[PDB]
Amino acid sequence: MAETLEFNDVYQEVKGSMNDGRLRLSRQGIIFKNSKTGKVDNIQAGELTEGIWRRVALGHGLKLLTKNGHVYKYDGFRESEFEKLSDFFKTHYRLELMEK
């Protein structure tokens, strides 16, 4: 199975704003880099408590909750990405993406 997944065409959704950037999943966690501002966010695998897959304004999106109460939303996936994302979360993050 894949040890990394990369999405170069998704967006972080913050209060209705859509910030383009690059999302990279590895066995250790998730990194998002905002293309405009260069701002990098990191989520460690062990910090994830919940992952949700749902329809959003552009395609589908992930909504991720961490143990410290932070919420991260990444939007603009094709629906066909669900299987690889679901498998990655289950295998490496030991979490089952909830479909809502």
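Throughout, we count residues from 1 along the sequence that is shown.
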When the C-alpha temperature factors are averaged for each of 69 to 77 and 25 to 33, which stretch ends up with the higher value in the entry? 69 to 77
Averaging C-alpha B-factors over each stretch, which comes out higher, 86 to 94 or 14 to 22? 14 to 22
Third of the chain, ranked by Cα B-factor, where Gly38 sits: middle
Looking at the temperature factor on the CA atom of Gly59, which third of the chain's modelled residues does it land in? lowest
